[PDB]
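Below: one structure, written as structure tokens.
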Amino acid sequence: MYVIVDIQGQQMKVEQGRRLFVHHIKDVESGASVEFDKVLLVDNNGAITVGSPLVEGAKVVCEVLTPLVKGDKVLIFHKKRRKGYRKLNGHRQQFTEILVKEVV
Amino acid sequence: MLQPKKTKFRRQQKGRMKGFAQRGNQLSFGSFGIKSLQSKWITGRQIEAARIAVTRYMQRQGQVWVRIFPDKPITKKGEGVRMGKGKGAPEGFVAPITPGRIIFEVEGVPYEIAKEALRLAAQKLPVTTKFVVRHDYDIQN
Amino acid sequence: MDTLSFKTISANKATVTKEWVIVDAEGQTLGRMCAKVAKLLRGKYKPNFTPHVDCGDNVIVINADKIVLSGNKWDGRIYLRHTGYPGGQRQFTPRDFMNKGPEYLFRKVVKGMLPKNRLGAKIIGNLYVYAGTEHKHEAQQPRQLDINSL
Amino acid sequence: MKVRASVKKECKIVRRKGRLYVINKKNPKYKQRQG
Amino acid sequence: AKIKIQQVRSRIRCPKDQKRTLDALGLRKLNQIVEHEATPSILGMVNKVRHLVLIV
Amino acid sequence: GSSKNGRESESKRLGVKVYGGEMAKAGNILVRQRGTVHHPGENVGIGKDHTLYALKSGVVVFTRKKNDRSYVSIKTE
RNA sequence: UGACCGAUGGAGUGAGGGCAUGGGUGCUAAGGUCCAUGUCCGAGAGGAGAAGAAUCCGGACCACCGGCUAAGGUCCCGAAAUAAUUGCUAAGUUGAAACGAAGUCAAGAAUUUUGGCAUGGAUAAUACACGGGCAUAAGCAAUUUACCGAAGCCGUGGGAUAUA
Ligand SMILES: [K+]
Ligand SMILES: [K+]
Ligand SMILES: [Mg+2]
Ligand SMILES: [Mg+2]
Ligand SMILES: [Mg+2]
Ligand SMILES: [Mg+2]
Ligand SMILES: [Mg+2]
Ligand SMILES: [Mg+2]
Ligand SMILES: [Mg+2]
Ligand SMILES: [Mg+2]
Ligand SMILES: [Mg+2]
Ligand SMILES: [Mg+2]
Ligand SMILES: [Mg+2]
Ligand code: NA
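Chains as they are written, first to last, in PDB author numbering: chain U, 1 to 104; chain P, 1 to 141; chain M, 1 to 150; chain 8, 1 to 9, 13 to 38; chain 2, 2 to 57; chain Z, 8 to 84.
Right, here's the structure in full:
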């Protein structure tokens with residue numbers, strides 16, 4: 001059983017007990033229960049349902065394991081040759097890790 | 001040469017020919033004629049060549065009118081002369097013409113060879129032409 | 001560390017699904033048939049297509065001499081080449097290629113619709129062109145394909 | 001045989020191999036090419 | 002009464018009087034929608050920038 | 008060759024400074040002209056160089072009459 | 001909108017250039033030169049045009065393996081229609097003129113005019129071009145619908161700078 005559902009504006013394929021990384025969810029704690037009810041597809045080991053106005057009654061319950069996971073550093077470099085303009089910044093994307101408990 | 005005897009100023013600015021002729025586009029004084037389809041300067045040498053061509057044909061009957069007169073003076077710089085330092089040497093006169101202006105016209109002549117005399121005249125001009133006839137002319141003279 | 005957790009998988013040498021197909025050139029146009037053959041060789045018809053892997057099909061073309069060139073192309077299309085010496089430009093025609101052999105004409109057309117790199121140079125070797133309907137490709141069990149369906 | 005940009009016509016105008024000809028077998032000094 | 006004007010084309014290479022008309026209407030971004038009373042002055046601005054806007 | 012030309016004089020900034028309908032004060036210059044292109048009327052004076060000015064405050068009025076002559080006057084109160 | 005105006009601290013610039021329009025000059029030449037009104041390059045990245053400073057679209061805070069579009073496109077190299085319908089072209093035209101036949105379709109009038117598409121005029125030196133394969137449509141003209149297509153717009157996460 002797997003469902004296609006979107007979490008923070010991005011669609012993911014999820015099963016039971018998966019340990020996803022999603023875009024940062026603000027004001028949460030370790031062990032907090034988050035809910036996402038915008039499933040687009042449900043595949044129950046052979047039976048497939050597709051929802052135009054989502055799939056009615058479908059639901060994904062998750063628990064927060066880490067409230068702030070930072071990604072790998074990316075160097076941001078701007079340069080225009082022969083003009084002297086040059087700057088170099090650093091960026092780290094922010095994620096939260098969740099574990100999926102029940103897939104309705 | 002076909003040119004004025006006197007002018008107030010010896011020099012003239014090169015203007016801009018703009019649209020279609022709003023005068024001198026209808027046939028007065030005559031029966032057959034040619035109109036120009038393009039905008040151009042016409043030299044007196046070209047005009048005299050065209051008139052000589054149209055009058056060698058047609059023998060000497062009928063009447064021939066040229067309806068443009070060259071009165072715009074033009075200059076030319078010369079060989080080895082660089083840009084600047086005023087206007088160049090005079091090089092005659094030209095007539096500026098626009099589309100729809102009647103250049104040559106003929107009268108008192110059979111249609112079938114007026115059509116040929118005017119074509120002979122029009123082959124010695126730097127503009128494309130169009131044959132025109134009076135809107136009251138009848139086949140039986 | 002990896003924060004993606006939902007990736008698109010690329011096929012590799014052990015995961016491709018390579019097949020032998022047989023297509024016919026009985027009355028098809030040369031360029032129109034060869035474009036579909038190039039798509040077959042590249043693997044554009046497979047849902048696991050991967051542009052950095054040889055993931056296409058081995059194609060056998062039969063009845064190659066029955067191919068059709070419209071217009072005056074059989075002698076009016078001038079191919080030019082150069083020997084590298086001064087005054088060394090030469091001309092030839094699709095008729096000259098056909099006289100030499102249909103496989104040469106088909107290879108010349110398909111190389112030109114294939115990508116211009118090492119992978120395409122490897123791909124062009126998966127094509128087999130035969131003049132008649134008789135060819136010897138046992139032990140691989142090729143599958144007949146209707147090129148007009150594509 | 002005379003070749004000129006504008007060819008014109013008992014001489015007859017024919018088209019051969021994408022070229023224009025004006026031919027007259029009675030008088031061969033009036034043949035023309037490339038109309 | 003109230004009408005809706007949406008900018009659909011870029012202001013790049015347009016003359017400054019047209020750019021200032023867009024500012025006076027209140028459009029500073031592509032695909033932006035503003036709402037205004039259909040007074041003759043507003044209609045005149047819309048006429049001036051008609052090739053850049055859509056009435057939605 | 009050489010050119011026998013190349014001379015000019017400075018422009019004199021002539022023209023109408025205060026148009027019809029505007030408010031003028033006493034002594035304001037209304038028109039700069041060469042000759043009486045416009046003529047003085049009520050409460051409008053003319054200077055040495057034919058400059059039109061307002062004797063009193065008020066509103067500038069331009070009016071035309073016979074011979075298409077143009078007059079400039081000040082309407083007060 | 002918000003930066004218009006005053007007063008004060010600090011400047012840089014005072015070699016410009018392309019395109020469009022109105023002109024002068026030149027030869028109604030020049031990637032020429034001198035002015036005026038706009039715009040862009042200068043100081044401007046991204047997309048299409050094969051490859052191009054200023055032609056067409058479009059102004060880049062950072063990240064994303066999300067979505068919609070612009071110009072321009074949807075046979076293969078190369079993302080998306082070998083989509084649908086109606087005509088024209090036979091020249092591989094396609095993806096430079098006076099001046100000649102009129103090859104062909106269409107609309108007329110009393111031989112003749114009229115436009116559409118072609119054809120001859122049409123031309124030098126290391127090997128040549130629709131970018132290439134190649135195409136009789138995958139050319140040209142018209143219409144309709146889907147789709148592709150950018151750092152433009154929207155979505156999600158994260159910063160910064162001001163006005164309230
Ligand atoms: K090109
Ligand atoms: K494609
Ligand atoms: Mg003066
Ligand atoms: Mg200086
Ligand atoms: Mg200077
Ligand atoms: Mg210059
Ligand atoms: Mg110029
Ligand atoms: Mg500089
Ligand atoms: Mg700029
Ligand atoms: Mg660019
Ligand atoms: Mg879309
Ligand atoms: Mg994008
Ligand atoms: Mg943006
Ligand atoms: Na001067």
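Virtual Cβ for every residue (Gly too), placed ideally from N, Cα, C.
Short CB-CB distance (under 8 angstroms) between residue i and chain U
| i | result |
| --- | --- |
| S10 (chain M) | no |
| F106 (chain M) | no |
| residue 166 (chain M) | Absent from the structure is residue 166 (chain M), since the part of chain M shown begins at 1 and ends at 150. |
Chain P contact residues for residue i, given Cβ-Cβ distances below 8 angstroms
| i | result |
| --- | --- |
| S9 (chain Z) | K85, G86 |
Three-way DSSP call (helix, strand, coil) for residue i in this model
| i | result |
| --- | --- |
| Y137 (chain P) | coil |
| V110 (chain M) | helix |
| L20 (chain U) | strand |
| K85 (chain P) | coil |
| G33 (chain P) | strand |
| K46 (chain M) | coil |
| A95 (chain P) | strand |
| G45 (chain 2) | helix |
| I53 (chain Z) | strand |
| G22 (chain Z) | strand |
| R11 (chain P) | coil |
| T22 (chain 2) | helix |
| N99 (chain M) | helix |
| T55 (chain P) | helix |
| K5 (chain 2) | strand |
| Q46 (chain P) | helix |
| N126 (chain M) | helix |
| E134 (chain M) | coil |
| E29 (chain Z) | coil |
| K39 (chain M) | helix |
| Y33 (chain 8) | helix |
| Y85 (chain M) | coil |
| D75 (chain Z) | helix |
| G100 (chain P) | coil |
| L99 (chain U) | strand |
Neighbouring residues, chain M, relative to residue i (Cβ below 9 angstroms)
| i | result |
| --- | --- |
| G71 (chain U) | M1, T3 |
| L75 (chain U) | Chain M residues near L75 (chain U): none, gap ~17 angstroms exceeds 9 angstroms. |
Neighbour list for residue i in chain U, Cβ cutoff strictly below 7 angstroms
| i | result |
| --- | --- |
| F6 (chain M) | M12, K13 |
Neighbour flag for residue i against chain M, beta carbons, 8 angstroms
| i | result |
| --- | --- |
| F95 (chain U) | yes |
| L68 (chain U) | no |
| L41 (chain U) | no |
| residue 133 (chain U) | There is simply no residue 133 (chain U) to check, as chain U begins at 1 and stops at 104 in what is shown. |
| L65 (chain U) | no |
| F21 (chain U) | yes |
Cβ distance (whole Å) where residue i is taken to contact residue j below 8 angstroms
| i | j | result |
| --- | --- | --- |
| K130 (chain P) | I47 (chain P) | In fact, because the Cβ distance is near 18 angstroms, the residues do not count as touching under 8 angstroms. |
| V106 (chain P) | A117 (chain P) | 7 angstroms |
| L30 (chain M) | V109 (chain M) | 6 angstroms |
| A38 (chain M) | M98 (chain M) | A38 (chain M) to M98 (chain M), Cβ: 20 angstroms. No contact. |
| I103 (chain P) | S28 (chain P) | Going by Cβ atoms, the distance from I103 (chain P) to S28 (chain P) rounds to 14 angstroms, so no, they are not a contact pair. |
| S39 (chain P) | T98 (chain P) | 5 angstroms |
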